[PDB]
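target_1.pdb (PDB, C-alpha atoms (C1' of nucleotides) and all ligand atoms) appears below.
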```
MODEL        1
ATOM      1  CA  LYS Q   9      77.318 176.894   4.463  1.00  0.00           C
ATOM      2  CA  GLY Q  10      78.098 179.980   6.528  1.00  0.00           C
ATOM      3  CA  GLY Q  11      77.234 179.216  10.132  1.00  0.00           C
ATOM      4  CA  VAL Q  12      76.887 180.910  13.495  1.00  0.00           C
ATOM      5  CA  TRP Q  13      76.738 179.472  17.003  1.00  0.00           C
ATOM      6  CA  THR Q  14      73.626 178.257  18.742  1.00  0.00           C
ATOM      7  CA  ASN Q  15      73.920 177.710  22.458  1.00  0.00           C
ATOM      8  CA  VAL Q  16      72.423 174.313  21.676  1.00  0.00           C
ATOM      9  CA  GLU Q  17      75.487 172.960  19.903  1.00  0.00           C
ATOM     10  CA  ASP Q  18      77.581 175.121  22.204  1.00  0.00           C
ATOM     11  CA  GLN Q  19      76.202 173.274  25.223  1.00  0.00           C
ATOM     12  CA  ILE Q  20      76.683 169.903  23.533  1.00  0.00           C
ATOM     13  CA  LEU Q  21      80.283 170.976  23.049  1.00  0.00           C
ATOM     14  CA  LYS Q  22      80.955 172.045  26.648  1.00  0.00           C
ATOM     15  CA  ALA Q  23      79.505 168.704  27.676  1.00  0.00           C
ATOM     16  CA  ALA Q  24      81.811 166.984  25.198  1.00  0.00           C
ATOM     17  CA  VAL Q  25      84.917 168.863  26.330  1.00  0.00           C
ATOM     18  CA  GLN Q  26      83.694 168.138  29.837  1.00  0.00           C
ATOM     19  CA  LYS Q  27      84.167 164.479  28.907  1.00  0.00           C
ATOM     20  CA  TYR Q  28      86.811 163.869  26.205  1.00  0.00           C
ATOM     21  CA  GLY Q  29      89.050 166.718  27.324  1.00  0.00           C
ATOM     22  CA  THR Q  30      90.483 169.375  25.069  1.00  0.00           C
ATOM     23  CA  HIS Q  31      92.990 167.784  22.711  1.00  0.00           C
ATOM     24  CA  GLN Q  32      90.803 164.926  21.396  1.00  0.00           C
ATOM     25  CA  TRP Q  33      88.787 167.366  19.225  1.00  0.00           C
ATOM     26  CA  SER Q  34      88.384 165.020  16.252  1.00  0.00           C
ATOM     27  CA  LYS Q  35      85.886 163.223  18.471  1.00  0.00           C
ATOM     28  CA  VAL Q  36      84.264 166.458  19.660  1.00  0.00           C
ATOM     29  CA  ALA Q  37      83.343 167.253  16.071  1.00  0.00           C
ATOM     30  CA  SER Q  38      81.664 163.841  15.806  1.00  0.00           C
ATOM     31  CA  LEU Q  39      78.880 164.458  18.311  1.00  0.00           C
ATOM     32  CA  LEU Q  40      78.699 168.047  17.113  1.00  0.00           C
ATOM     33  CA  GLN Q  41      77.443 168.130  13.553  1.00  0.00           C
ATOM     34  CA  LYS Q  42      77.723 171.157  11.237  1.00  0.00           C
ATOM     35  CA  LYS Q  43      81.204 171.832  12.633  1.00  0.00           C
ATOM     36  CA  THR Q  44      84.850 170.889  12.345  1.00  0.00           C
ATOM     37  CA  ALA Q  45      87.909 170.365  14.536  1.00  0.00           C
ATOM     38  CA  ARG Q  46      89.483 173.790  13.967  1.00  0.00           C
ATOM     39  CA  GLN Q  47      86.063 175.417  14.210  1.00  0.00           C
ATOM     40  CA  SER Q  48      85.249 173.761  17.538  1.00  0.00           C
ATOM     41  CA  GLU Q  49      88.599 174.404  19.127  1.00  0.00           C
ATOM     42  CA  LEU Q  50      88.788 177.852  17.565  1.00  0.00           C
ATOM     43  CA  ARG Q  51      85.679 179.115  19.330  1.00  0.00           C
ATOM     44  CA  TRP Q  52      86.559 177.086  22.422  1.00  0.00           C
ATOM     45  CA  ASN Q  53      89.995 178.536  23.100  1.00  0.00           C
ATOM     46  CA  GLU Q  54      89.157 181.971  21.728  1.00  0.00           C
ATOM     47  CA  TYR Q  55      85.782 182.346  23.469  1.00  0.00           C
ATOM     48  CA  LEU Q  56      83.951 179.621  25.345  1.00  0.00           C
ATOM     49  CA  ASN Q  57      86.599 178.249  27.700  1.00  0.00           C
TER      50      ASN Q  57
ATOM     51  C1'   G X   1     128.708  65.623  18.406  1.00  0.00           C
ATOM     52  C1'   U X   2     134.229  65.783  18.562  1.00  0.00           C
ATOM     53  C1'   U X   3     138.320  64.128  21.039  1.00  0.00           C
ATOM     54  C1'   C X   4     141.546  61.408  24.996  1.00  0.00           C
ATOM     55  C1'   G X   5     141.574  56.981  27.527  1.00  0.00           C
ATOM     56  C1'   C X   6     139.993  52.136  29.578  1.00  0.00           C
ATOM     57  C1'   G X   7     137.508  47.451  29.329  1.00  0.00           C
ATOM     58  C1'   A X   8     134.898  43.723  26.353  1.00  0.00           C
ATOM     59  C1'   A X   9     133.882  41.208  21.807  1.00  0.00           C
ATOM     60  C1'   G X  10     135.021  40.559  16.621  1.00  0.00           C
ATOM     61  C1'   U X  11     138.831  41.667  12.807  1.00  0.00           C
ATOM     62  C1'   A X  12     143.189  41.148  13.899  1.00  0.00           C
ATOM     63  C1'   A X  13     148.729  40.595  15.459  1.00  0.00           C
ATOM     64  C1'   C X  14     148.903  45.824  18.674  1.00  0.00           C
ATOM     65  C1'   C X  15     145.686  47.311  14.220  1.00  0.00           C
ATOM     66  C1'   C X  16     139.931  48.074  11.468  1.00  0.00           C
ATOM     67  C1'   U X  17     134.968  47.546  13.458  1.00  0.00           C
ATOM     68  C1'   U X  18     131.084  47.267  17.163  1.00  0.00           C
ATOM     69  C1'   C X  19     129.382  47.511  22.312  1.00  0.00           C
ATOM     70  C1'   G X  20     129.898  49.544  27.309  1.00  0.00           C
ATOM     71  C1'   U X  21     131.987  52.972  30.572  1.00  0.00           C
ATOM     72  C1'   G X  22     135.353  57.182  32.679  1.00  0.00           C
ATOM     73  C1'   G X  23     137.112  62.060  31.366  1.00  0.00           C
ATOM     74  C1'   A X  24     137.362  66.709  28.680  1.00  0.00           C
ATOM     75  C1'   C X  25     135.283  69.891  25.244  1.00  0.00           C
ATOM     76  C1'   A X  26     130.022  73.020  24.919  1.00  0.00           C
ATOM     77  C1'   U X  27     126.321  75.955  29.867  1.00  0.00           C
ATOM     78  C1'   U X  28     120.258  79.717  31.321  1.00  0.00           C
ATOM     79  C1'   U X  29     117.247  83.672  25.371  1.00  0.00           C
ATOM     80  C1'   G X  30     113.111  87.394  25.636  1.00  0.00           C
ATOM     81  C1'   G X  31     109.160  90.737  27.723  1.00  0.00           C
ATOM     82  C1'   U X  32     107.601  98.435  30.543  1.00  0.00           C
ATOM     83  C1'   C X  33     104.985  95.670  25.089  1.00  0.00           C
ATOM     84  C1'   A X  34      98.551  89.904  24.071  1.00  0.00           C
ATOM     85  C1'   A X  35      95.514  90.187  18.340  1.00  0.00           C
ATOM     86  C1'   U X  36      90.352  96.076  15.929  1.00  0.00           C
ATOM     87  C1'   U X  37      84.563  97.652  19.455  1.00  0.00           C
ATOM     88  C1'   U X  38      84.858  98.879  26.314  1.00  0.00           C
ATOM     89  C1'   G X  39      91.832 102.984  28.953  1.00  0.00           C
ATOM     90  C1'   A X  40      91.336 107.632  25.301  1.00  0.00           C
ATOM     91  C1'   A X  41      94.577 111.793  17.973  1.00  0.00           C
ATOM     92  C1'   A X  42      92.749 115.944  15.898  1.00  0.00           C
ATOM     93  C1'   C X  43      89.748 117.963  12.001  1.00  0.00           C
ATOM     94  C1'   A X  44      85.570 118.179   9.043  1.00  0.00           C
ATOM     95  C1'   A X  45      80.035 118.807   8.412  1.00  0.00           C
ATOM     96  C1'   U X  46      75.193 121.027  10.573  1.00  0.00           C
ATOM     97  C1'   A X  47      73.298 125.248  13.239  1.00  0.00           C
ATOM     98  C1'   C X  48      74.431 129.911  15.814  1.00  0.00           C
ATOM     99  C1'   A X  49      77.248 134.193  14.496  1.00  0.00           C
ATOM    100  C1'   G X  50      81.163 136.346  11.758  1.00  0.00           C
ATOM    101  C1'   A X  51      87.888 141.014  13.627  1.00  0.00           C
ATOM    102  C1'   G X  52      90.733 145.584  20.817  1.00  0.00           C
ATOM    103  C1'   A X  53      91.624 150.260  21.752  1.00  0.00           C
ATOM    104  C1'   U X  54      86.748 154.788  18.808  1.00  0.00           C
ATOM    105  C1'   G X  55      81.533 158.129  17.515  1.00  0.00           C
ATOM    106  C1'   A X  56      83.913 154.939  12.999  1.00  0.00           C
ATOM    107  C1'   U X  57      88.132 152.068  10.082  1.00  0.00           C
ATOM    108  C1'   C X  58      92.835 150.134  10.602  1.00  0.00           C
ATOM    109  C1'   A X  59      99.130 149.380  12.344  1.00  0.00           C
ATOM    110  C1'   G X  60     100.738 147.647  16.273  1.00  0.00           C
ATOM    111  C1'   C X  61     104.268 146.099  20.908  1.00  0.00           C
ATOM    112  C1'   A X  62     103.680 144.518  25.682  1.00  0.00           C
ATOM    113  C1'   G X  63     101.676 142.855  30.718  1.00  0.00           C
ATOM    114  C1'   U X  64      99.103 138.084  34.187  1.00  0.00           C
ATOM    115  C1'   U X  65      97.274 132.927  33.486  1.00  0.00           C
ATOM    116  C1'   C X  66      96.831 125.741  37.077  1.00  0.00           C
ATOM    117  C1'   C X  67      95.441 127.901  28.324  1.00  0.00           C
ATOM    118  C1'   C X  68      98.244 126.852  24.655  1.00  0.00           C
ATOM    119  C1'   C X  69      99.028 126.093  18.707  1.00  0.00           C
ATOM    120  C1'   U X  70     102.867 126.465  14.246  1.00  0.00           C
ATOM    121  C1'   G X  71     107.807 127.039  14.022  1.00  0.00           C
ATOM    122  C1'   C X  72     115.080 124.208  14.511  1.00  0.00           C
ATOM    123  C1'   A X  73     114.440 128.144  17.727  1.00  0.00           C
ATOM    124  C1'   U X  74     116.508 132.357  23.327  1.00  0.00           C
ATOM    125  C1'   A X  75     113.293 134.319  15.741  1.00  0.00           C
ATOM    126  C1'   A X  76     108.465 135.418  14.468  1.00  0.00           C
ATOM    127  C1'   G X  77     103.625 134.435  13.759  1.00  0.00           C
ATOM    128  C1'   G X  78      98.697 132.226  15.422  1.00  0.00           C
ATOM    129  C1'   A X  79      92.305 138.457  15.549  1.00  0.00           C
ATOM    130  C1'   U X  80      97.883 143.180  18.563  1.00  0.00           C
ATOM    131  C1'   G X  81      96.982 134.311  19.649  1.00  0.00           C
ATOM    132  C1'   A X  82      93.055 133.353  23.187  1.00  0.00           C
ATOM    133  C1'   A X  83      91.276 134.261  28.392  1.00  0.00           C
ATOM    134  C1'   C X  84      91.141 139.900  31.113  1.00  0.00           C
ATOM    135  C1'   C X  85      86.131 143.722  30.268  1.00  0.00           C
ATOM    136  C1'   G X  86      82.824 141.129  35.457  1.00  0.00           C
ATOM    137  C1'   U X  87      80.674 140.864  40.732  1.00  0.00           C
ATOM    138  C1'   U X  88      82.171 144.572  45.054  1.00  0.00           C
ATOM    139  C1'   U X  89      80.311 146.967  52.869  1.00  0.00           C
ATOM    140  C1'   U X  90      83.676 146.116  59.122  1.00  0.00           C
ATOM    141  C1'   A X  91      91.688 147.812  61.613  1.00  0.00           C
ATOM    142  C1'   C X  92      86.231 151.465  62.391  1.00  0.00           C
ATOM    143  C1'   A X  93      86.202 155.573  65.954  1.00  0.00           C
ATOM    144  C1'   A X  94      85.457 160.435  68.248  1.00  0.00           C
ATOM    145  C1'   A X  95      82.057 164.891  69.636  1.00  0.00           C
ATOM    146  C1'   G X  96      77.084 166.860  69.666  1.00  0.00           C
ATOM    147  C1'   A X  97      71.412 166.384  69.722  1.00  0.00           C
ATOM    148  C1'   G X  98      66.477 163.854  70.701  1.00  0.00           C
ATOM    149  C1'   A X  99      63.443 159.132  72.472  1.00  0.00           C
ATOM    150  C1'   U X 100      63.630 154.805  75.881  1.00  0.00           C
ATOM    151  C1'   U X 101      65.301 151.948  80.579  1.00  0.00           C
ATOM    152  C1'   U X 102      67.798 151.792  85.250  1.00  0.00           C
ATOM    153  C1'   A X 103      71.320 152.520  90.031  1.00  0.00           C
TER     154        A X 103
HETATM  155 MG    MG Q 201     102.767 137.626  19.264  1.00  0.00          MG
HETATM  156 MG    MG Q 202      93.528 143.699  14.059  1.00  0.00          MG
HETATM  157 MG    MG Q 203      99.055 139.177  23.238  1.00  0.00          MG
ENDMDL
END
```

Would you mind giving the structure from this file in structure tokens?
Ligand SMILES: [Mg+2]
Ligand SMILES: [Mg+2]
Ligand SMILES: [Mg+2]
Amino acid sequence: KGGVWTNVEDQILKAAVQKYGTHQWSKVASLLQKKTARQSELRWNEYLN
RNA sequence: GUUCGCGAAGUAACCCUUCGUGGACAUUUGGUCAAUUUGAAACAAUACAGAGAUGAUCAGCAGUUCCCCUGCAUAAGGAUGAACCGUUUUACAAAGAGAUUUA
């Protein structure tokens, strides 16, 4: 269960944010598998953005 | 048909009856509409499917329309009622550069 971040799913994210915008995360974890709302937005705001 | 009155005849004795005539009484309904095929109900059945916002499953209010339906309704429902989701070129110019033609 313990995961780490491929730049694959990371890129799919930044594309997703680049569409749906930040605060719709529950959709951004739909495209993205393996991952959750709080996980997505956690790494986003704390790192990727 | 009633009544008033006149005349005539008969009965009669100023009437009872019959005939004729004058007068009054009484005075214009209804239709926007013909009687089943060809001057207009709408459902149902067959087939085709089989519920907006989303990646997905639902609550919903609205907004516009030469669409309306149910409801006493200025209530509220009818898939949040349905239709919307499509097609998309000119107030048009200014500066610069090359090719062509001409005074
Ligand atoms: Mg309504
Ligand atoms: Mg619904
Ligand atoms: Mg409506």

Hey, could you make a per-residue contact list for chain X against ligand MG 203 (chain Q) with 12 Å as the cut-off, showing the nearest pair of atoms and its distance in Å to one decimal, counting only C-alpha atoms (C1' of nucleotides) and all ligand atoms, sorted by chain and number, as CSV?
```
residue,atom,partner,partner_atom,distance
X:52,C1',Q:MG203,MG,10.8
X:60,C1',Q:MG203,MG,11.1
X:61,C1',Q:MG203,MG,9.0
X:62,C1',Q:MG203,MG,7.5
X:63,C1',Q:MG203,MG,8.7
X:64,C1',Q:MG203,MG,11.0
X:77,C1',Q:MG203,MG,11.5
X:78,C1',Q:MG203,MG,10.5
X:79,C1',Q:MG203,MG,10.3
X:80,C1',Q:MG203,MG,6.3
X:81,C1',Q:MG203,MG,6.4
X:82,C1',Q:MG203,MG,8.4
X:83,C1',Q:MG203,MG,10.5
X:84,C1',Q:MG203,MG,11.2
```

Please tabulate, as JSON lines, the residues of chain Q that come within 9 Å of chain X, each with its closest pair of atoms and the distance in Å to one decimal, counting all atoms listed in the file and ordering rows by chain, then residue number upward.
```
{"residue": "Q:35", "atom": "CA", "partner": "X:55", "partner_atom": "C1'", "distance": 6.8}
{"residue": "Q:38", "atom": "CA", "partner": "X:55", "partner_atom": "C1'", "distance": 6.0}
{"residue": "Q:39", "atom": "CA", "partner": "X:55", "partner_atom": "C1'", "distance": 6.9}
```

Which residues match the PyMOL selection byres (((chain Q and resi 34) around 10) and not hetatm) in the file above, as a VMD selection string? (chain Q and resid 31 to 33 35 to 39 44 to 46 48 to 49) or (chain X and resid 55)

Counting all atoms listed in the file, figure out which residue out of X:38, X:2, X:18, X:57 gets nearest to ligand MG 202 (chain Q).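 Using all atoms listed in the file, the shortest distance to ligand MG 202 (chain Q) belongs to X:57.
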
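Reported to one decimal place, the separation of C1' of residue 8 (chain X) from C1' of residue 25 (chain X) is 26.2 Å.
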
Excluding residue 18 (chain Q) and residues on its chain fewer than 4 positions from it, collect all residues at most 9 Å away from it, counting only C-alpha atoms (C1' of nucleotides), and give them as a list in words.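 Counting only the stated atoms, we get residues 13, 14, 22, 23, 40 and 56 of chain Q.
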
Could you work out an axis-aligned bounding box for all listed atoms of region 4-20 of chain X, with 6 Å added on each of the six sides, and give its centre and edge lengths in Å to one decimal, as AutoDock Vina command-line options?
```
--center_x 139.1 --center_y 51.0 --center_z 20.5 --size_x 31.5 --size_y 32.8 --size_z 30.1
```

Hey, what's within 12 Å of residue 7 (chain X) if we count all atoms listed in the file and toss same-chain stuff fewer than 4 positions away? As a PDB file with C-alpha atoms (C1' of nucleotides), keeping the file's coordinate frame, please?
```pdb
ATOM      1  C1'   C X  19     129.382  47.511  22.312  1.00  0.00           C
ATOM      2  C1'   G X  20     129.898  49.544  27.309  1.00  0.00           C
ATOM      3  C1'   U X  21     131.987  52.972  30.572  1.00  0.00           C
ATOM      4  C1'   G X  22     135.353  57.182  32.679  1.00  0.00           C
TER       5        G X  22
END
```

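The two atoms in question, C1' of residue 58 (chain X) and atom MG of ligand MG 202 (chain Q), are spaced 7.3 Å apart.
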
Taken to one decimal, the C1' of residue 1 (chain X)-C1' of residue 30 (chain X) distance is 27.7 Å

Restricting the calculation to all atoms listed in the file: of X:24, X:36, X:95, X:75, which residue gets closest to ligand MG 201 (chain Q)?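 When distances to ligand MG 201 (chain Q) are compared using all atoms listed in the file, the smallest one comes from X:75.
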
Reconstructed N, CA, C and O atoms for region 10-35 of chain Q, given as an mmCIF file, keeping the file's coordinate frame:
```cif
data_model
loop_
_atom_site.group_PDB
_atom_site.id
_atom_site.type_symbol
_atom_site.label_atom_id
_atom_site.label_comp_id
_atom_site.auth_asym_id
_atom_site.auth_seq_id
_atom_site.Cartn_x
_atom_site.Cartn_y
_atom_site.Cartn_z
ATOM 1 N N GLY Q 10 77.642 179.088 5.480
ATOM 2 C CA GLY Q 10 78.098 179.980 6.528
ATOM 3 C C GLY Q 10 77.269 179.864 7.787
ATOM 4 O O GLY Q 10 76.068 180.151 7.782
ATOM 5 N N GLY Q 11 77.916 179.469 8.885
ATOM 6 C CA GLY Q 11 77.234 179.216 10.132
ATOM 7 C C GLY Q 11 77.486 180.251 11.212
ATOM 8 O O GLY Q 11 78.383 181.085 11.119
ATOM 9 N N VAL Q 12 76.677 180.158 12.266
ATOM 10 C CA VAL Q 12 76.887 180.910 13.495
ATOM 11 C C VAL Q 12 76.532 179.953 14.623
ATOM 12 O O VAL Q 12 76.110 178.822 14.365
ATOM 13 N N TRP Q 13 76.684 180.386 15.870
ATOM 14 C CA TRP Q 13 76.738 179.472 17.003
ATOM 15 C C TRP Q 13 75.465 179.525 17.833
ATOM 16 O O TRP Q 13 75.196 180.521 18.511
ATOM 17 N N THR Q 14 74.696 178.443 17.786
ATOM 18 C CA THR Q 14 73.626 178.257 18.742
ATOM 19 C C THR Q 14 74.181 177.762 20.068
ATOM 20 O O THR Q 14 75.149 176.999 20.131
ATOM 21 N N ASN Q 15 73.543 178.207 21.147
ATOM 22 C CA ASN Q 15 73.920 177.710 22.458
ATOM 23 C C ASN Q 15 73.496 176.264 22.637
ATOM 24 O O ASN Q 15 73.886 175.621 23.614
ATOM 25 N N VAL Q 16 72.685 175.743 21.723
ATOM 26 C CA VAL Q 16 72.423 174.313 21.676
ATOM 27 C C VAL Q 16 73.742 173.588 21.470
ATOM 28 O O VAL Q 16 74.316 173.025 22.411
ATOM 29 N N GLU Q 17 74.260 173.665 20.242
ATOM 30 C CA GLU Q 17 75.487 172.960 19.903
ATOM 31 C C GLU Q 17 76.630 173.408 20.792
ATOM 32 O O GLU Q 17 77.549 172.634 21.076
ATOM 33 N N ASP Q 18 76.583 174.654 21.253
ATOM 34 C CA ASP Q 18 77.581 175.121 22.204
ATOM 35 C C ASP Q 18 77.528 174.306 23.491
ATOM 36 O O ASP Q 18 78.559 173.852 23.999
ATOM 37 N N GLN Q 19 76.330 174.103 24.032
ATOM 38 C CA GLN Q 19 76.202 173.274 25.223
ATOM 39 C C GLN Q 19 76.642 171.844 24.954
ATOM 40 O O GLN Q 19 77.359 171.250 25.767
ATOM 41 N N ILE Q 20 76.229 171.264 23.822
ATOM 42 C CA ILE Q 20 76.683 169.903 23.533
ATOM 43 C C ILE Q 20 78.198 169.853 23.530
ATOM 44 O O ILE Q 20 78.806 168.900 24.031
ATOM 45 N N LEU Q 21 78.832 170.885 22.982
ATOM 46 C CA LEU Q 21 80.283 170.976 23.049
ATOM 47 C C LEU Q 21 80.768 170.947 24.489
ATOM 48 O O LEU Q 21 81.456 170.007 24.887
ATOM 49 N N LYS Q 22 80.407 171.953 25.293
ATOM 50 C CA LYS Q 22 80.955 172.045 26.648
ATOM 51 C C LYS Q 22 80.716 170.765 27.440
ATOM 52 O O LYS Q 22 81.510 170.406 28.316
ATOM 53 N N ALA Q 23 79.633 170.052 27.141
ATOM 54 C CA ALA Q 23 79.505 168.704 27.676
ATOM 55 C C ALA Q 23 80.596 167.801 27.126
ATOM 56 O O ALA Q 23 81.245 167.062 27.877
ATOM 57 N N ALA Q 24 80.837 167.870 25.819
ATOM 58 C CA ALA Q 24 81.811 166.984 25.198
ATOM 59 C C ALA Q 24 83.208 167.244 25.738
ATOM 60 O O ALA Q 24 83.883 166.324 26.198
ATOM 61 N N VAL Q 25 83.658 168.497 25.691
ATOM 62 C CA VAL Q 25 84.917 168.863 26.330
ATOM 63 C C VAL Q 25 84.919 168.407 27.773
ATOM 64 O O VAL Q 25 85.930 167.922 28.291
ATOM 65 N N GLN Q 26 83.776 168.537 28.440
ATOM 66 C CA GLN Q 26 83.694 168.138 29.837
ATOM 67 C C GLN Q 26 83.845 166.625 29.976
ATOM 68 O O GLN Q 26 84.010 166.111 31.085
ATOM 69 N N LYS Q 27 83.800 165.892 28.860
ATOM 70 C CA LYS Q 27 84.167 164.479 28.907
ATOM 71 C C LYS Q 27 85.537 164.218 28.290
ATOM 72 O O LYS Q 27 86.508 163.967 29.007
ATOM 73 N N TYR Q 28 85.629 164.260 26.961
ATOM 74 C CA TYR Q 28 86.811 163.869 26.205
ATOM 75 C C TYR Q 28 88.041 164.713 26.483
ATOM 76 O O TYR Q 28 89.133 164.334 26.057
ATOM 77 N N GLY Q 29 87.909 165.849 27.144
ATOM 78 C CA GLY Q 29 89.050 166.718 27.324
ATOM 79 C C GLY Q 29 89.391 167.435 26.037
ATOM 80 O O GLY Q 29 88.895 167.114 24.961
ATOM 81 N N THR Q 30 90.285 168.417 26.152
ATOM 82 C CA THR Q 30 90.483 169.375 25.069
ATOM 83 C C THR Q 30 91.039 168.729 23.804
ATOM 84 O O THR Q 30 90.425 168.827 22.739
ATOM 85 N N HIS Q 31 92.175 168.040 23.896
ATOM 86 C CA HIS Q 31 92.990 167.784 22.711
ATOM 87 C C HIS Q 31 92.517 166.606 21.869
ATOM 88 O O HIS Q 31 93.205 166.245 20.914
ATOM 89 N N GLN Q 32 91.388 165.991 22.197
ATOM 90 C CA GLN Q 32 90.803 164.926 21.396
ATOM 91 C C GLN Q 32 89.803 165.419 20.353
ATOM 92 O O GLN Q 32 88.962 164.632 19.914
ATOM 93 N N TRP Q 33 89.846 166.700 19.982
ATOM 94 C CA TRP Q 33 88.787 167.366 19.225
ATOM 95 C C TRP Q 33 88.155 166.550 18.107
ATOM 96 O O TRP Q 33 86.939 166.627 17.907
ATOM 97 N N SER Q 34 88.944 165.767 17.375
ATOM 98 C CA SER Q 34 88.384 165.020 16.252
ATOM 99 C C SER Q 34 87.211 164.148 16.670
ATOM 100 O O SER Q 34 86.391 163.769 15.829
ATOM 101 N N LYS Q 35 87.108 163.817 17.954
ATOM 102 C CA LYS Q 35 85.886 163.223 18.471
ATOM 103 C C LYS Q 35 84.821 164.262 18.778
ATOM 104 O O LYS Q 35 83.633 163.987 18.594
#
```
